[PDB]
Structures are given as C-alpha cells and as structure tokens.
Amino acid sequence: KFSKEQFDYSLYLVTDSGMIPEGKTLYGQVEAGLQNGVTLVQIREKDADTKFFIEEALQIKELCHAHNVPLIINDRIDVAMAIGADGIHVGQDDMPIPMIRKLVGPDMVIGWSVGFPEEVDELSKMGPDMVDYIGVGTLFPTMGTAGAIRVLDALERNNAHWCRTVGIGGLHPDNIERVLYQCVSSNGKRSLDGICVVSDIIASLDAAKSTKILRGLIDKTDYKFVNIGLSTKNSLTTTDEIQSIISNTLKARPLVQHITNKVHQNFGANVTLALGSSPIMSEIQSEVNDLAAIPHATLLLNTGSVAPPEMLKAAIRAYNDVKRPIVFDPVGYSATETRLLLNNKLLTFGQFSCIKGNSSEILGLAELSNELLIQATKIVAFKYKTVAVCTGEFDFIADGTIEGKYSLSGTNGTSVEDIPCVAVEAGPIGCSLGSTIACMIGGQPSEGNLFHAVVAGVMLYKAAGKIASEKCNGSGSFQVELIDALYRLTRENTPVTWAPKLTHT
Amino acid sequence: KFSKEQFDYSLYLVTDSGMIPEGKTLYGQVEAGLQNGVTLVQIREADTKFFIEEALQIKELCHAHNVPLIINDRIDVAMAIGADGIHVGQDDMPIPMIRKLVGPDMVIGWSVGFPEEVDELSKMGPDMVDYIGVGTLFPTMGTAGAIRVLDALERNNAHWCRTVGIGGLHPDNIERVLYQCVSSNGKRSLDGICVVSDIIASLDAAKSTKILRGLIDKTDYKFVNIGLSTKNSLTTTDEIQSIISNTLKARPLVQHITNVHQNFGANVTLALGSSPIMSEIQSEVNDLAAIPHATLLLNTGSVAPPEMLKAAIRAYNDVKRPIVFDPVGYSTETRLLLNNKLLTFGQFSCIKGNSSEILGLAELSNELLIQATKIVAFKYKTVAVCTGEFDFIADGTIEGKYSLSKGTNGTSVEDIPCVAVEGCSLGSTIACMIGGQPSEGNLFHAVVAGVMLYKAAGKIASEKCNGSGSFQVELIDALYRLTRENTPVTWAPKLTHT
Amino acid sequence: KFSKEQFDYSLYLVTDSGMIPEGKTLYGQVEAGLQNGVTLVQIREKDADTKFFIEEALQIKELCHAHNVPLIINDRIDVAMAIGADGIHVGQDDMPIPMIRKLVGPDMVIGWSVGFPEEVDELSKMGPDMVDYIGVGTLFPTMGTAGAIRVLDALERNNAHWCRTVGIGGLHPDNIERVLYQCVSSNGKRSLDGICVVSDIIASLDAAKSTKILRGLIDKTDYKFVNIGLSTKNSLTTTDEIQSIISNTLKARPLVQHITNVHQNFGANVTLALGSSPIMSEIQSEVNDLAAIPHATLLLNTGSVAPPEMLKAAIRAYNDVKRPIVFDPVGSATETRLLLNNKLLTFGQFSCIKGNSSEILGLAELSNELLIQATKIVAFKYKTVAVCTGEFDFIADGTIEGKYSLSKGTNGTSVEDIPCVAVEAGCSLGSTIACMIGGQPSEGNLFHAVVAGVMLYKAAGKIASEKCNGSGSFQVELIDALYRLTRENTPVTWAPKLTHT
C-alpha cells in the first residue's frame, strides 16, 4: 500500500497490451521499463476477458510492487478493488468520480482524464480525496501544450493543491522536452508532475533502451532548443552588443528559409538580401532537412502561406532537430476561423525562437491600450517559451525563454509578470520585421544571445523606418528606401547613430 | 553469316511479340520495318519451342533483306537456329561463359546503363562484348547518363564495342537523343537507335519506319527556330544593336516558370519591351507556345509538378521555340533529382548558372569555370552561361549537327566557342534577347547580348543606387533606358575571348 | 562426367525453387535428399534470372557431384552446356530433340516429357543417341497409371531398349507403391526405372525424413494393398477351400459399404443374405470411420450419384487401412461414364474388377477365347482379380503376389500367363464377391475368395432359375438360394463346374 504522496509520476508507463512486438511479453516490456525509469504503471484492458485481465494484473502487480512502484488500472474499478490495485484511472465518459470514491474509499488513487478547464472546475467543486491526479488531454494526435497550459492554469485559479498532473498522448523523445518545458502554469508555480508514454516503451524492440532515453529527458533541466545563448539579459542591449550582432550576421551569411504568402515573397527576400544573408523560398518537403543542415540556417514562418500543414510540421520539426532558430509570424489570428485553426496547430509542431505580431495578433495569442500590450507581450513570450515581439508605435520585446529551464512540478518562481520586457520607440511614422529578426538571430554563434539578437532586429528595423519615411515620396519609395536603409545601416555599424530609443517596460 | 563489321546498327528493331495490334503478325510488322529501314532485328520471347519456329521463320525474312537476326536472351535458341547474335542483360548469363559456348564469329550484345559496367566490358577485351544497348534512356537516366557511358567507352578505349540507344525512343525525342548522346571528346556517338513500341505497335509499320529512318540519317537537329551557326568573331556592337532592336520590335512572350523571381523577373522582361506570362497551367502550355516569338524561361525550385514541366519543355520544342533553363540549387538531393529529370525532357537553347551550379552540371578558380562552362555547353548541346565576376558564355550547339557513330566530326568539349564578359534577372534577360531573334538570327550572339546588356545595366545601377532596394529598381530602369537607345558602343562591359 | 548407363533413376528429385519452406535453402533440401536417397537431381528455373540460375546450378552441381549423383537441367540447353551439366530435360513444347542433340553432342543425357504413345513412336523413329529417358506424362493432377502403361507398352512394341523411364507428377507416399506396382509393360518385361518427386522433398519441413520414406517405398518389393493373402494359386479352388471361405464370411460378419445406383435394395439383400451387414453411405466424412470397422469392404458402382471427390475420398480411405475394394464399372455406355471410370481407376488399388463382355473388353482396350484374353489383360493391367460374367464366368488373378520392382519389372510374368479359371453351369455378383473377400482373414487368399463368390452366385443362379415363375420370383429365389447355400457349406453339392482356362 502506497500513500497518495509516495506516488512518483515522473515516468508513467501506460500499457496497451494490443501492440507488443512479437517474441516479447507485457511482463517483458513492463519489467525493462521498471529497472530503467518507469515509476508508475497503468494497465489497460479494453480488449480482453475480464478474468484473463485479472491474472495479468496480479502477475504485473507482483512485478511492480517488487520495484516498489504502484499499479493503476483503467477503467475497471472492480478489477482494481479486486486485485488490491494502488489506483484507478477513469476517463470523462467513465464512472462519475464521487461514485468511484464511494466504492474504493479513500487511500486509493483516482486518476481522471482532463482536457479542458471546465473539467478542472468540476474536479475542484469536489475538493480533495476525490481526484488525486489528472492526465492532461490528448496533447498530440495519436490541443497541444497551449491547451495543457489552460488546464494547469485552472488548477491554479482553483487552488487544487492536492491534484497532481501527468501529460499524455503521443509523447515521444521528439517532443517530450518541449512538452515539459512549456507546460507550466501561467504563474510559474506549477508544471507537469510526469509524462505518460505508451507506444514508446511498449512497442519498443528494445524497451530497456527506450526507457533509459525517456529518463534522460525527464530528469534533465535544460531544453537547449536553439544553438544560441538563452541567458536572461536585464541590461538593456548595448550599442556595442547590437554592433556585434550585425557583424556576426554579415560575416556568417545566414540562410533564411521563407515560408510566406505571395506578397512578402519578393519583399522579404530583399530585406534578407539587404542584411547580407541569402533567402530561400522553398515550400518543398523533401528539401526541408537538407536546407536546415546548412550552417547558420534559419526558418521564417508565415501563416496564410500556401504550404500544407503536413509540410510546415515537416519543417518546424526539421529545424528543431538541428537546433536552428524558427521565427513565427502569425498573420491571421481571427481571421477567426481557418487561420486561427492553422496557427494553433502550428504552435504545437515545435519550439519557436521568436513569435512576432502586432496589437491584434499578440492580444489574440495571449488570449485577451499600451500597458495592456506590454502585459500581452509578456504573456505570449512566457506561454510559448520564446522571445515575443509586439509591433506598433512602440515595439515591445519580451524574453520568455527562462534560459531553457524546465522541471517536473515548475519554473523557479518566474511568472508571466516578471520576465524581461523592453520597449523600442521612435515617435510616429511589418513582415519585413520578421525577415530582419530572422537574419539577426541567424548570425548568432554558439556563444551568442537570442534575446539581444531579437532586440537588435527590432531596433535595426525601426531605425531603417525613420530614415525611409524621411527620404521617401510615398508608399512605393518608402519600401525601396527601407531596404536601402537596412543595407546602409548594417554596412556601417554605428548603432550610436540610430534614431530609436530603447527603454525598459 | 555476317562478320561483326557488316552489322548496321542504324535502326535496330527490338520486337516484343506481346503488343502487336490485332489483324497483324510479327512477320507482318518486322517485314514492313525491313522494307523501309530496319537494319537489325532482335527477337524477344512463350513456349521455348514455338519460339524456335517463329525465330526460324523470321530469320528467313531477315536474311532475305540481308539483315542479321539477334536473340534475347536464350543463347541456346540462338546457337540452335544459327542466329547472328545474342543480346543478354546485366542479370543474364555472364559474358565469358556466353562466348565460350557460341565461340567467336557471333555478336554479343550487352545491356549497359552505367560506366562501371563499361569498365568490366573492357577488362574482358575484344571478342567478348561486340555492342551494348545503353541503359534505359527514358521511362517506358536519360541522355546525360548515356554520355557518361560513351565517355567510359572512350577513357577505356573500347574501339571494338559499338553502341545502340534503347528505351522509350520515339520520334518525339530520337533526334535529341542522337544529338546529345556524344562522347565528351566528340569522337564517338550512338551507332544506332532501338525502337520497340514504335514499329511493332504501329497500325502502319511501313510508315512509322519510314519516319524513324528520315530522322536517323538526317544530320540537322533544328531544335530552335534561330540560327545556330558557329560564331567565332566576338559579338559586334552592330550585332548587339540588331538583337535589341529585334526583341523590341517583336515583343516576345516569355513564359516564366519560377519561384521571389515572379515579380522581379516580370519587371525585367517588361522593361525589355516584352510581355511576361507566369502560367504554370498544363492545358495552356500548348496554346501559349503557339504565340509568335514565344519563349520559355525555366527555374528549378518552382512549385509546378514535373508532369507539367515536361508538358511545357515538350510543348516548346515541338513548335521549335527557345527554352532557357536556370537550375537554381543544383547541389538539396530533391533539387538535384528534379534538375536531372528536367534535362531529359527536351532540348534547351540556354542553360544559365553560377560557379556552383555550373561546376555541378559539368560534374566536377577561373580557368576552371571556363572549362566547366564549355563542358556544360557541349554536354547539353546548348549555349551555357556561367555568372560571376566574369560571365562566361560557351556555344555547344555545334550548328545542330548530329551523326551516327562518328559523331561530332572532331569538335570536342575543348574547342567550342567560349567568350568572357567582365542573377535570375539574367535569365529573363537572355530569354528576351533570344525571344526576339528571327529565322535568320543567331542564338549565340543573342545570349552574349543579354549577358552584356545585363552586366551593363549592373554597372549603371550599382552607381545610381543607395542600397539593395534601389539597386534592384535602378537595374530595371537601366535595362529600360539601355535598350531604348541602342548605343552598345556606350556600354561598360568588355567582351574578350576565353 | 557420367555415362548414360551410370544413371540411377531410382529417386529422381526434380527441384522447384519457388516452393521452399522459410528458413530453408534449395541447397539445404537437395542436400538432405542426397544423403538419404535422391540418386538424380534436376534443376528448374522457371522465372529467375538466367545468370543467377547459373550460379545456383554451379553451386548445386558441386553438391551433386560430391555425392556422385548427376545433375540435369530443364529446359535451358545453353545453361546446361555452359555449366557442364550431365543432362537436360526438355518437354514436348520445348526445343526439338534432333536440334538439342546436335548442340550437346552425344555423351549427355536427354530427358523428354512423354504422355502418349504417339510420342514414343516419334522418340523411336529417332533411334538411340537421341532420347535417353522419358518422364511419363503427368500421372496425377498437381491420365494415371493406365495411361503410363500405354506408353511403356509403346516403348516395347517399338523396342526402344535404350530409353529409360521415370514416372512424374503428383507422386507422393500415398500412391508411389501403387504407381510402381501397376506401371508395368503389358508383357511384364518393363516397368518404371524411377520416380520423380517434387513437392514431397522440396516442400518438406524435414526433407531428410521425407526422403528416407520415399526410399523405403522405392526399394521395397511388396505392395500389400489388401490385408489378405495374394499368393498365386494355380490349383483349382477346392470344395474344402470354398467351404472355409463361406464359414469365414459368416463368422466375420463383414461390413460391405455399397456405393451404387436400383442395386441399392437388391444388393443389400444379397449382402444381408450372406450374413454380412450392408451400408449405403455416400457420405464423405463417414468414409474413414466406416473403413475402420473390422472386416470392412468397399463395393463400388459407376453410375452412382456420389461426387468424384467422395469416390476418391473412399477409394483412398480403404486402401489406407488395407481393406478390399470391389469395382463394378457399369459402362462404353456414355462418354460421361467412360470418363468417370478412368478417373476412378487412378484413385487407388482395387482387389477386384467385375464386368461383363462389353465392360471387360472395353477395360482391356479391345467370341469366347477373346473374353478369356480380355479378362487376363484387365486383371494384369489394374493388378487385380478381374471377373468377366457371361454364360461362362472367367476369373483372372493379375495381382502377382503384390510384386513390383524398378526397371525389371515383373519377373517375366506377362498378361499371357497369369492364373485364369472358368466357371460354367449381375451386380448381385459384385455384392457376393464383396462378402467373400470381406470375410477373409490375414492368412486368407484373395483369388480363391473371388472364385468362391462366382461359384456361390452361379450356383444360386441355377437353383433360382428352377424354383421360380418369372423375373420377379427369380430375384427373391436367388436371394433365398444364397441364404440356404451358405447356411449349409456343402459345395460338393453345387451345380457349377470350375475348369481351367
């Protein structure tokens, strides 16, 4: 018998009997996973004879208890009470919880499958000794991290101190660190207490190995998602720093892959080309891996692009694998339906180094003035663990990367409220900003800093904006003058020269 | 009995019994083909005894027209019926063994598709392989891959081994195959062509053969309706002047199949007084190329499907209008693949690239770039442009001359015209210059004119501009201004020899 | 290099690469088969690459030569010449033989696939040096023994002394002994020189075992196809012998399964009168349980309503358990029946074939001396006791003690000189014969049993024809006379005279 608190949700192995590789047993797999990491096991039998079930469950409860790890059962309360199981997982369509508690009495763990906040509200009106832990939605097809956050947030607004959480659904090594990393409460106070793997240990031809790996990921604490410094900088980006940024991107000739609409095609390639870096407009899936392999490569991503979700995923992934930077420019957040849909879908394909939007798009992303834009920019930066840029009269830049830190349970008291957020203004006077930011981040070396790079880009852009607006006779020339000003501005790093004032927020 | 040297590989008819049209026999077809051209017949085969009755029955027909009979791949049926030769494949009986059984005096054909196999064919010396069928050119590897073989047949000095091209050969591509399947030293081309479905499956085999003969023993591939004469005299100011006048007066329609270069390229075209179309629509492709002084500019990394690129490349060759090929990237796997695929869809009037793309295309400094530009020009029988600080232009068209087994009298990669002038806008430019050329024009001068005009508007723009942004709009301007006054004596770029 | 005469056709393993069990090679199988019997190997390469073929052929010719067994190749003369193969097998639709010989020159074996006599005529007009051995037709679906005999017979009429024979096609342990046994020339002078197995060694999960089995069968010489004595008896069946036969069938109460048309009721009465229980089951599943019952017996009519697939099922079921089948072909009556009979005669081994003038001449493949000649021909052909009914009944024993051998084949015992007796003084006779043979014990004798039946029947015939007033009573009196006749074994009493033929 374990007490609620002895429950280690770290690596929660949910078994699916009907997908074991030939020549291997459920005992074989679940054993390997034990003496290598698994710290909680759930048995499912939604496909067998409720008596054979019971023989496998007893046989596996001996194995588990032997490694001092609890056994949980889905979703046959009876099989659970019967074989003296340590806990039971039920879903939303399974037996009401009060009803379950009444049968099993306290002392036994009740897992619930929650996917929406509304369900956390209910879980809370029931107080403690009802739900002891929830599995959060189905993260991925088998709603994403964004939707998980919304739940962890209700678990906090409701003060459900008693209820642990595990993430579940399509969790693999290609996304476990990102899930751990951005699945944190908006007040930083709570993250995922563990991870549920299914097809990754069970279906493994070498379960001992697959488990060692998932352990390595779960008890690490650094998600180095981009090969650039993620150190938190509170000192305003200095002239000398900006100067070094531009030198690097000029010297490094970054390749910036543009996935964007027909309109920013030509324009964006000119902005990139002006910053002394080669642009590629490939929306071709096969190329995507070879492309991101090239040194100092960089992905700039527009929504309202003509390329298929399957390929955007293909690419977003391709760049995260090689630890190169993605800049995300969602040009259509409601826009409210098809684009809203596509964006949310993209934000769960990978980790972005920078998200860029204006008033509407940034308020939308934060899930809704001037102090308000500042609040929203920090919310977005934190939410998607990224540098977020909000363009307007003032541009606001917030660093929500928190040095790439993640942990189980979650952020070292670092909430939405207190991440670095700076402002950049140049008086009264956009997807060019994306291409700019892309080139600045692109040039950064191992020892660089992502946050400064982004600010540099917003300065450089805002600066070339003042200059162009002066030297021009209308919309047409304003554009060609902007490209010019970017060219001239970077050929002479004299940032002390530049018009835009960089304050704190 | 024929001796190896009496073998005329000109029009080698490989029969496939299982695709004869109703009411027609194998005898019927193979007869028609003999009266009108076929100079060699191979029989493929059913029941190994019925085989033997058809083989004897057809060996009488062939011998009657004094043409040999070859058999695939049954060595036994061959020895048995006194056949004149046997063709075996790579996966068929090892050649030394075959020779051991049939003894000398009989022809052995081998199916080669890669150089590595020519290396082996050579370690065996003469008397082993007497001729090879080169790969499968087309789906049923292309000319490029056939060249790689003819080249090994030369590096290996396999003087004794003849060659026939095989696989998906039809009237819509026979002249191009004959034309560009030549050794890199000009000393060897295809000794003949293998047709299968084109005579056998013909409802009128006599006619279909008369046609393939007309193509095989012709010697001019007029693939574009522009002069292809070899010019060694540097392109004169007065010539350049006439080029620009023509393209201005002719208002060429330049169809752009490209990526970014959409807007920019249409402006360069529009500035040269010619209308650009960005149609990647398959059905339009024929109607489009029918319009007078039409021209195809072709980028890789385009979004259009191979099936349609093929559709277009063909559409333009059919009407004898010029295609300009700009392979951008050649060097992701996916693009390398796509380019090689395109280069076998048709005949290009001009291939344009820079250092990387040109070395890649030549199958790998400054003398090196010159060597590579000639290699490419010759290889794909085309005017090849290599951009850089210096632009090199090489004419590898050789006046559209092809011949069997010779193949270029003696005009090798080394000694074709190559000039110097001291980016996907350059494509559109070249496209407009070639586009304006009339029947009596000259393709090579046109291309050089374009590289001049572009390099010229480049100097001017770089001066009158304040950055990347304006440089681009000034370049379009300078192209507009430069051509509205043909004063090429004015222009900055110096045109030397290479 | 082997000479034509060093060729041991005993167990000729024809390989079919495309049916080897997983985890096993062609080398693996053909090796196992060599250590335990195979004495000749043919490689087929249907469908593969004529160069990979050559690598497998060289690799297997080393294996074969290593066990001193030749290698033969089908049907690529070139691959054969090329790899120094010991022989080549070609089919009827493959390269003409003269041409083949011209290429390979003498010294190499040429196998030809013959299925009809006409092809033996051709094989002979070519003289020796040409065909060195033939594979006889396709015996079974994969024409039968009857058709193989027709070939061996042409090989004899044509004196093709030089040409050996192997049987081929659907040869398995469930029929190899029968094939060896009845595939003999009609003059006894020639049988099969060997047997070609394909799917039986190649597709075997244990090829070493499967081969040791086929060897056991091939070099045995007794086909004990029925659990009754098969000794040749030349001494006329004595009264005391007939008496013992009837006692045995009365004491043993044989179960006689009737597969017949009209003869349903009548036949069951004849059987029932002979103190043995008749069953009229035409049910396939029962067939094995039925034949398991002691002193069981199959009586078989053509023109029965049961499906060939079940007749086969049964004919086999009884041969497996070594119980007696009596075959009564009731008609050269209608193409359909001719067809069905020939089909049946290749399903198994019959202890007795019974017919009258027409049916016996037909079965022999065409007076009174003539009927005698035909009865012996049939008896020998189908290696069985053959009964020919008429005014005189002729009984011939063609079982030859169940003796078979390779290439020999019968120890000079031809159609001409097998025991044939006469009985002087109809599908009831079948049922009778069935009951007599049925009662015979291990130590019995099949031939005497059959004669006893023909006597007993012919005897009850005289009696009935006297005691009756027409067709109707003749029948009921016949059943009676059979009942009375056997309840008192007084064969010294009975009307019919048993002479020699």
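Grab the beta carbon distance between A:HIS65 and A:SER446, set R0 = 51 Å, and tell me the FRET efficiency rounded to 0.05.
Working: r = 48 Å, r/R0 = 0.93.
Once rounded, the FRET efficiency stands at 0.60.
Tell me the net charge near B:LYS464. Cut-off is 9 Å between Cβ atoms, B:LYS464 excluded, with +1 for each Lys or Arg and -1 for each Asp or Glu. Please list the in-between numbers first.
Details: positive: none; negative: B:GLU463, B:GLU474, B:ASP477.
Cβ neighbours under 9 Å give a net charge of -3.
Long-range amide H contacts for B:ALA294: which residues qualify at under 5 Å (H placed 1.01 Å from N, peptide plane, sequence gap of 5 or more or a different chain)?
The list, which skips near neighbours in sequence, is B:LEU253.
Once phi is turned into ³J(HN,Hα) by the Karplus curve 6.51 cos²θ - 1.76 cosθ + 1.60 with θ = phi - 60°, what whole-Hz value does each residue of the range A:464-475 show in order, with x for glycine and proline?
Those phi angles translate into 5, x, 4, 4, 5, 3, 6, 7, 10, 10, x, 4 Hz.
5 Å is the cut-off here: which amide hydrogens, built 1.01 Å from N in the peptide plane, fall below it relative to C:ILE134, excluding neighbours closer than 5 in sequence?
C:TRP112, C:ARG164, C:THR165, C:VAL166
With a sphere of radius 10 Å drawn around the Cβ of C:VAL38, what net charge do the other residues whose Cβ falls strictly inside it have (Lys, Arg +1; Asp, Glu -1)?
Numbers: positive: C:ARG215; negative: C:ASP8, C:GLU31.
Summing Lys/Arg as +1 and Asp/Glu as -1 gives -1.
Which whole-number value in Å³ per residue fits the convex hull of the alpha carbons of the range C:220-501? Can you show the working numbers first?
Numbers: hull volume 35.3 nm³, N = 282.
About 125 Å³ per residue, rounded to a whole number.
Kindly provide the helix-only [θ] at 222 nm of chain B, computed as the sum of -39,500 (n - 2.57) over DSSP H runs of four or more divided by all residues, to the nearest 500 deg cm²/dmol? Mind showing how you got there, number by number?
Values: 18 runs with 207 residues, N = 498.
So the helix-based figure for chain B works out to -12500 deg cm²/dmol.
Rg and Dmax of the range A:403-450 over Cα atoms: what are they, in angstrom?
Considering the range A:403-450 through its Cα atoms, Rg and Dmax are 15.8, 46 Å.
So, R0 is 41 Å and r is the distance between the beta-carbons of A:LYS501 and B:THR487; what FRET efficiency does that work out to, to 0.05? Can you show the working numbers first?
Details: r = 51 Å, r/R0 = 1.25.
E between A:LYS501 and B:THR487, to the nearest 0.05, is 0.20.
Using a 7 Å offset from the Cα along the Cα-to-Cβ direction at both C:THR142 and B:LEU336, what is the distance between the two label points in nm, to one decimal?
Placing both labels 7 Å along Cα→Cβ, they lie 5.0 nm apart.
Within 10 Å of each Cβ of B:89-100, how many other protein chain Cβ atoms are there on average?
Numbers: counts 3, 2, 6, 6, 11, 4, 1, 0, 7, 3, 0, 2.
For this peptide, the per-residue mean of nearby foreign Cβ atoms is 4.
Could you rank the peptides C:426-434, A:439-447 by their average count of other C-beta atoms within 10 Å per residue, with the highest value first?
Values: C:426-434: 25.9, A:439-447: 23.9.
Order by mean packing, descending: C:426-434, A:439-447.
Summarise the long-distance tail of P(r) for the range C:320-462 by giving the % of C-alpha pairs beyond 26 Å. Intermediate values should be presented prior to the final figure.
Values: 2014 of 10153 pairs.
Summing the P(r) of the range C:320-462 above 26 Å gives 20 percent of all pairs.
Using alpha-carbon positions, what is the distance between the centroids of the range B:61-90 and the range C:288-328, in Å?
Taking the Cα centre of each part, the range B:61-90 and the range C:288-328 sit 58 Å apart.
For the pair C:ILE283 and B:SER405, how long in nm is the line joining their label points, each one 7 Å along Cα→Cβ?
Placing both labels 7 Å beyond Cα along the Cβ direction yields 8.3 nm.
Work out the FRET efficiency for C:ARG157 and A:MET19 from their Cβ-Cβ distance, taking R0 = 51 Å, and round it to the nearest 0.05.
On the way: r = 71 Å, r/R0 = 1.39.
According to the calculation, E is roughly 0.10.
In a shell of Cβ-Cβ distance under 14 Å around C:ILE218, excluding C:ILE218 itself, what net charge do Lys and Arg (+1) and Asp and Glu (-1) give? Could the numbers behind the result be given before it?
Working: positive: C:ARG178, C:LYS212, C:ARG215, C:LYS220, C:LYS408; negative: C:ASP8, C:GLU177, C:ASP193, C:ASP200, C:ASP219, C:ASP222.
That works out to -1.
Compute the whole-percent fraction of alpha carbon pairs in the range A:236-316 spaced more than 17 Å apart. Let's see the in-between values first.
Working: 1621 of 3240 pairs.
Summing the P(r) tail past 17 Å for the range A:236-316 gives 50 percent.
Evaluated at 25 °C with a viscosity of 0.890 mPa s, what Stokes-Einstein diffusion coefficient in µm²/s does chain C have when Rh comes from the Kirkwood expression over alpha-carbon pairs?
Working: Rh = 24.1 Å.
It comes out at roughly 102 µm²/s.
Grab the alpha carbons of the range A:404-505, take their convex hull, and tell me the volume per residue in Å³.
Details: hull volume 14.4 nm³, N = 102.
In the range A:404-505, the Cα convex hull volume per residue is 141 Å³.
How large is ³J(HN,Hα) for each residue in the range A:56-71, as worked out from phi by the Karplus curve 6.51 cos²θ - 1.76 cosθ + 1.60 (θ = phi - 60°), to whole Hz, x for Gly and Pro?
6, 5, 5, 4, 8, 5, 5, 4, 4, 3, 5, 9, 6, 10, x, 10
Mind checking B:469-476 for the average number of partner chain beta-carbons within 10 Å of each residue's beta-carbon?
Working: counts 18, 6, 7, 7, 6, 1, 0, 0.
That average works out to 6.
Do the alpha carbons of any pairs in B:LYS59/C:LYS61; A:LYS212/A:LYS378; A:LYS24/A:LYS323; A:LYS209/A:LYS356; B:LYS24/B:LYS187; B:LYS4/B:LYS210 sit beyond 30 Å of each other, and which pairs? Show your work: numbers first, answer last.
On the way: B:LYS59/C:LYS61 35 Å; A:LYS212/A:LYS378 36 Å; A:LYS24/A:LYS323 36 Å; A:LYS209/A:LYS356 40 Å; B:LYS24/B:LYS187 42 Å; B:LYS4/B:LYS210 26 Å.
As for pairs spanning more than 30 Å Cα to Cα, those are B:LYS59/C:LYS61; A:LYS212/A:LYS378; A:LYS24/A:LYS323; A:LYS209/A:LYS356; B:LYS24/B:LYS187.
According to a simple spin-label model (label point 7 Å from Cα along Cα-to-Cβ), what is the distance in nm between A:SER3 and A:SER477?
Between A:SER477 and A:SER3, the label points sit 7.9 nm apart.
Using DSSP to call loops (not H, G, I, E or B), can you name the chymotrypsin sites (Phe, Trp or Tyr not before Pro) in the range C:1-72 whose Cβ has at most 11 other Cβ atoms within 10 angstrom? Could the numbers behind the result be given before it?
Working: sites: C:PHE2, C:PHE7, C:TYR9, C:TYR12, C:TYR27, C:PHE52, C:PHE53; in loops: C:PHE2, C:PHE7, C:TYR9.
Of the chymotrypsin sites (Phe, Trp or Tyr not before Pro), not one in the loops of the range C:1-72 has a Cβ with at most 11 other Cβ atoms within 10 Å.
Provide Rg over Rh for the range A:1-219; use the alpha carbon set for both Rg and the Kirkwood Rh (inverse mean inverse pair distance).
Numbers: Rg = 16.3 Å, Rh = 17.3 Å.
Value, to two decimals: 0.94.
Using the Karplus equation 6.51 cos²θ - 1.76 cosθ + 1.60 (θ = phi - 60°), what ³J(HN,Hα) coupling, rounded to whole Hz, does each residue of the range B:148-160 give in order, writing x for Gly and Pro?
Ordered by residue, 3J(HN,Hα) equals 3, 6, 3, 5, 5, 5, 10, 4, 9, 6, 9, 2, 8 Hz.
For B:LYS401, what residues show an amide H to amide H distance below 5 Å, using hydrogens built from the backbone and excluding near sequence neighbours?
Counting only residues 5 or more places away or on other chains, the set is B:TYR221.
Two decimals is fine: what is log10 I(q)/I(0) at q = 0.04, 0.07 Å⁻¹ for the protein assembly as shown, from a Debye sum with one equal scatterer on every Cα and no solvent?
The Debye formula, applied to the Cα set alone, gives -0.49, -1.00.
Between the DSSP loop rule and a limit of at most 12 other Cβ atoms within 10 Å, which GluC sites (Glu not before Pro) in the range A:1-97 are left?
Numbers: sites: A:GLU5, A:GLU22, A:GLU31, A:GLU45, A:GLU55, A:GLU56, A:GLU62; in loops: A:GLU22, A:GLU45.
When the GluC sites (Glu not before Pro) of the range A:1-97 are filtered for loop state and at most 12 Cβ neighbours within 10 Å, A:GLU22 remain.
What number does the range B:188-242 give for Rg over Rh if you use C-alpha atoms and the Kirkwood radius? Walk me through the intermediate numbers first.
Working: Rg = 18.9 Å, Rh = 15.1 Å.
Rounded to two decimals, Rg/Rh equals 1.25.
Looking at the range B:276-400, I'd like the Rg to Rh ratio, where Rg is from alpha-carbon atoms and Rh is Kirkwood's inverse mean 1/r. Could the numbers behind the result be given before it?
Numbers: Rg = 14.4 Å, Rh = 14.8 Å.
On the Cα set of the range B:276-400, Rg over Rh gives 0.97.
Could you tell me what percent of the DSSP beta bridges with both partners in the range B:1-217 are antiparallel, to the nearest 5? Spell out each step's value before the answer.
Numbers: 1 of 29 bridges.
Taking every DSSP beta bridge with both residues in the range B:1-217, the antiparallel ones total about 5 percent.
Under a point-charge model restricted to the Cβ atoms of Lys and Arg (+1) and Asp and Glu (-1), what is the dipole moment magnitude of the range C:26-71 relative to its Cα centre, in debye to the nearest 20? Let's see the in-between values first.
On the way: 4 positive and 7 negative charges, 30 e Å.
For this selection, approximately 140 debye.
Bear in mind that the values in this text are calculations on the coordinates, not laboratory data. Neighbour counts are summed over all protein chains in view; Cβ atoms, including those assigned to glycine, are modelled from backbone coordinates with ideal geometry.
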